[PDB]
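See below for the structure under consideration.
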Amino acid sequence: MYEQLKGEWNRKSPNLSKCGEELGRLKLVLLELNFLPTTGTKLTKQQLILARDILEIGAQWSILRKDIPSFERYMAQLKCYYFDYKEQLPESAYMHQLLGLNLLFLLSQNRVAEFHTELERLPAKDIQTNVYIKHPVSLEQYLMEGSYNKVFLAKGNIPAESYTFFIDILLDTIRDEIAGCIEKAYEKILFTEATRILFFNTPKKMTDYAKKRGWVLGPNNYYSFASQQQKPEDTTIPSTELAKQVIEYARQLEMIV
Amino acid sequence: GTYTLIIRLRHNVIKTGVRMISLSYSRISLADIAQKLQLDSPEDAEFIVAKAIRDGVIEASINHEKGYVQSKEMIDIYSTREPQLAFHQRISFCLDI
Amino acid sequence: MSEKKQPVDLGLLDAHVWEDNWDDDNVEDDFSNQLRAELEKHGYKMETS
Amino acid sequence: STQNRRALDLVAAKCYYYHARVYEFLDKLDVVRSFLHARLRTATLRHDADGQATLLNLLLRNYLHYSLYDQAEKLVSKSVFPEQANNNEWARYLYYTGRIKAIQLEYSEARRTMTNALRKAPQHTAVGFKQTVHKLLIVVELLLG
Amino acid sequence: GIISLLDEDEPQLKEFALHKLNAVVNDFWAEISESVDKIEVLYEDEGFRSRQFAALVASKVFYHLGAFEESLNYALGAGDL
């Protein structure tokens, strides 16, 4: 059924002459009929199971090439096909792994709102099944409070693969959160502590932070401006707008209603 | 139809504990916050307290070298302009009625 | 006027006639179940030191 | 339009409610929601009162019966029309927006809006949704500290 | 969602995607709203085809949003369709 697929799907195609074939096949599956459901031809499952297989394998080999902007296309379309249902058999090799991977990606962009709004679509597999799904929510739970040592040490235990392109940027956004937290007006920190608090012994990446953000480290002092008092004694702005206000009170008080 | 909200509650448990502590004292060492919260490590107590400060749970600051946490006190809200605003809104409503 | 028609439903349907006038919920919560023997709480504290 | 004053003043407003209830009672909800979208659209143009209150509540109701996105609608909704309401529909509209705010990790301002929701219910004996809103209020206030 | 198809290059692909959206817009407008700028990118630019369809779908979504001047401008732009 217009397959032309069984060549280098299982075997790895490290940027082989493949993306052209994916483009061809997606054009063709567009041509054949409904690439997105319009409702009909229910018994016709081959154009459906084929479609979901194509999309999932494309995303699986897309994470390898690190197309973060494109990756969302495939993941969204897989989400579309996981809910028309009809009578299609749901189970695949994935339908768990792909959701756990989507979950990690969504967390690493540091947008936990939609992360939490997506937990409202799988009602009984959360704390019971699919270790692929128990690991990410466990990670978010640990990130909810300040305990981070376990998060760093959890790298030894990974569900399926390296997942590197999703956990490395997670460690970087942890960098960001810690930096955004350790602010507020505190005292001098010597050139050892804030370096050894996170990970790095004494490289220039701490220097990159220093010359990237503020805290001029002159007399060993890292200082962040966390006073921002401003607003002095400024009766004049009242003296205008309050006069406007009172004139209005007296306006709509004696005029005939 | 409300199970998922309460499934995440333990962390806000520890948050409530530290908030009541914040309201109790003013100047307190970290050598006791974790000790009386059953938290064994005093390194992560820094982190949980700092986050609690970030989102506005408690108003204190931290002296990382010294080891004490003190909370600022801001008073005399009568002298500011905000009560005038709170009253003006109600004046408008009553005239509307 | 007071229609109160409701798709939401009643839901459900004592040995507690001890109404202590009002509240005590915070009060009973304060000494939930411990620190009971206040006499002993003092006495076995003055001999401690 | 000719008898729109009377026809939409009531009768229609309650009709939509009962017709929706039927479907919920022992049926599906979907083409109902398509019909509701269409009927909301035909309002908001000729008329702007109670045709934008009952429909808003019903539509958000069936969205919440499942667990969809549920937010991208409120932002452009224009809010339940003020200036007129039965003060009843304001109550459940507030309850709905309160819930959809609480589930999306926005706690602090959920309690105030849903408490405002609760204070608008009548003195009537029915404890149908008063139990519900109280239960949700307790659980959101165990958050924070 | 399907709107993501507007990002990939293929003119035939995009001319399928937006050609189908105008069927479901009649109630997905609240979702579609957050991308009308991107749709408008493919209008009043000659590097596209059946561009009047883009104009039409713009007038649809703006009509639902009640920004009636936008709708009228894009209806004059779409013309005969």
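Lettering and numbering for the structure tokens are positional, with chains as A, B, ... in the shown order, residues counted from 1 in each chain, and ligands counted from 1 in the shown order.
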Please identify every residue of chain E that has at least one atom no more than 9 Å from any atom of chain D, counting only C-alpha atoms, and report them as a list in words.
-> residues 26, 27, 30, 31, 64 and 65 of chain E
Those same residues - N, CA, C and O atoms - I'd like them written as a PDB file, in the first residue's frame.
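This went into part-v1.pdb:
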```pdb
ATOM      1  N   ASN E  26     -15.563  28.020  12.181  1.00  0.00           N
ATOM      2  CA  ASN E  26     -16.873  28.415  12.692  1.00  0.00           C
ATOM      3  C   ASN E  26     -17.057  28.127  14.170  1.00  0.00           C
ATOM      4  O   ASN E  26     -18.022  28.593  14.781  1.00  0.00           O
ATOM      5  N   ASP E  27     -16.165  27.339  14.747  1.00  0.00           N
ATOM      6  CA  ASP E  27     -16.119  27.255  16.190  1.00  0.00           C
ATOM      7  C   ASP E  27     -14.716  27.168  16.754  1.00  0.00           C
ATOM      8  O   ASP E  27     -14.560  27.352  17.963  1.00  0.00           O
ATOM      9  N   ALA E  30     -11.630  30.696  18.522  1.00  0.00           N
ATOM     10  CA  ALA E  30     -10.947  31.107  19.744  1.00  0.00           C
ATOM     11  C   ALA E  30      -9.535  30.546  19.803  1.00  0.00           C
ATOM     12  O   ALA E  30      -8.613  31.216  20.276  1.00  0.00           O
ATOM     13  N   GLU E  31      -9.339  29.326  19.309  1.00  0.00           N
ATOM     14  CA  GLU E  31      -7.989  28.793  19.186  1.00  0.00           C
ATOM     15  C   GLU E  31      -7.230  29.495  18.076  1.00  0.00           C
ATOM     16  O   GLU E  31      -6.081  29.909  18.257  1.00  0.00           O
ATOM     17  N   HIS E  64     -15.370  36.873  13.990  1.00  0.00           N
ATOM     18  CA  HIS E  64     -15.706  36.283  15.283  1.00  0.00           C
ATOM     19  C   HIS E  64     -15.183  37.135  16.432  1.00  0.00           C
ATOM     20  O   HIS E  64     -15.853  37.277  17.459  1.00  0.00           O
ATOM     21  N   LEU E  65     -13.996  37.723  16.278  1.00  0.00           N
ATOM     22  CA  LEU E  65     -13.469  38.584  17.333  1.00  0.00           C
ATOM     23  C   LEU E  65     -14.153  39.941  17.406  1.00  0.00           C
ATOM     24  O   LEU E  65     -13.908  40.684  18.361  1.00  0.00           O
TER      25      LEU E  65
END
```
Exercise answer, chain C residues close to chain D, 12 Å and only C-alpha atoms, as a PyMOL selection string | chain C and resi 1-13
Selected residues written out with C-alpha atoms, as a PDB file, in the first residue's frame:
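Everything below was put into out.pdb:
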```
ATOM      1  CA  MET C   1     -37.336  34.100  43.279  1.00  0.00           C
ATOM      2  CA  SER C   2     -35.028  31.628  45.036  1.00  0.00           C
ATOM      3  CA  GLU C   3     -35.302  29.199  42.124  1.00  0.00           C
ATOM      4  CA  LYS C   4     -32.183  27.239  43.123  1.00  0.00           C
ATOM      5  CA  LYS C   5     -32.733  24.614  40.453  1.00  0.00           C
ATOM      6  CA  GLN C   6     -29.561  22.628  40.418  1.00  0.00           C
ATOM      7  CA  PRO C   7     -27.999  19.974  38.173  1.00  0.00           C
ATOM      8  CA  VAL C   8     -25.499  19.639  40.981  1.00  0.00           C
ATOM      9  CA  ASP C   9     -27.021  17.251  43.493  1.00  0.00           C
ATOM     10  CA  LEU C  10     -27.450  16.741  47.237  1.00  0.00           C
ATOM     11  CA  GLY C  11     -24.747  14.080  47.234  1.00  0.00           C
ATOM     12  CA  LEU C  12     -25.160  12.335  50.576  1.00  0.00           C
ATOM     13  CA  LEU C  13     -27.568  11.882  53.462  1.00  0.00           C
TER      14      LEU C  13
END
```
Specify as a compact mmCIF listing (two decimals) with N, CA and C atoms, in the first residue's frame all residues of chain A found within 9 Å of chain E, counting only C-alpha atoms.
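Output file selection-v6.txt is given in full below:
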```
# COMPACT_ATOMS: atom_id res chain seq x y z
N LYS A 27 3.52 14.18 1.48
CA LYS A 27 2.75 14.70 0.36
C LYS A 27 1.78 13.65 -0.15
N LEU A 30 -1.08 13.05 2.20
CA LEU A 30 -2.01 14.15 1.97
C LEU A 30 -2.88 13.85 0.76
N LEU A 36 -6.00 14.39 8.30
CA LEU A 36 -6.60 14.72 9.56
C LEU A 36 -8.06 14.33 9.42
N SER A 70 10.83 21.94 14.70
CA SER A 70 9.95 21.01 13.99
C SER A 70 9.33 19.97 14.91
N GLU A 72 7.77 19.79 17.38
CA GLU A 72 6.45 20.05 17.90
C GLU A 72 5.39 19.70 16.88
N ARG A 73 5.71 19.82 15.60
CA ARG A 73 4.78 19.38 14.56
C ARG A 73 4.39 17.94 14.77
N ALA A 76 2.50 17.25 18.14
CA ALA A 76 1.12 17.71 18.11
C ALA A 76 0.26 16.80 17.24
N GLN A 77 0.77 16.41 16.08
CA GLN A 77 -0.03 15.56 15.21
C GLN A 77 -0.27 14.19 15.83
N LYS A 79 -0.56 13.72 18.95
CA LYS A 79 -1.61 13.99 19.93
C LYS A 79 -2.97 14.02 19.26
N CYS A 80 -3.04 14.59 18.06
CA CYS A 80 -4.31 14.60 17.34
C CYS A 80 -4.79 13.18 17.07
```
Neighbours of chain B in chain A at 9 Å, counting only C-alpha atoms, as a PyMOL selection string | chain A and resi 119-120+141+144-149+178+180-189+238+245+249+252-253
Would you output that residue set with C-alpha atoms, as a tab-separated table (two decimals), in the first residue's frame?
```
chain	number	residue	atom	x	y	z
A	119	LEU	CA	-2.04	15.62	33.28
A	120	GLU	CA	-5.80	15.71	32.72
A	141	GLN	CA	7.56	16.84	42.14
A	144	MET	CA	8.39	21.69	43.27
A	145	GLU	CA	10.17	22.07	46.58
A	146	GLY	CA	13.76	23.21	46.81
A	147	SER	CA	15.34	19.79	47.10
A	148	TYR	CA	17.73	19.61	44.16
A	149	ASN	CA	20.52	17.25	45.19
A	178	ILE	CA	19.02	28.81	41.12
A	180	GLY	CA	17.11	33.74	39.95
A	181	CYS	CA	16.60	32.51	43.51
A	182	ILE	CA	20.01	33.19	45.11
A	183	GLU	CA	19.35	36.84	44.45
A	184	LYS	CA	17.77	39.29	46.92
A	185	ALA	CA	19.95	41.69	48.90
A	186	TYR	CA	22.50	39.48	50.61
A	187	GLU	CA	26.09	39.95	51.68
A	188	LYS	CA	29.43	39.40	49.98
A	189	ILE	CA	30.02	35.93	48.58
A	238	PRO	CA	-2.18	63.83	44.55
A	245	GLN	CA	-11.66	63.43	42.00
A	249	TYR	CA	-17.87	64.02	43.67
A	252	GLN	CA	-22.71	64.29	40.46
A	253	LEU	CA	-24.14	65.26	43.84
```
Between CA of residue 50 (chain E) and CA of residue 79 (chain E), what is the spacing in Å?
-> 11.7 Å
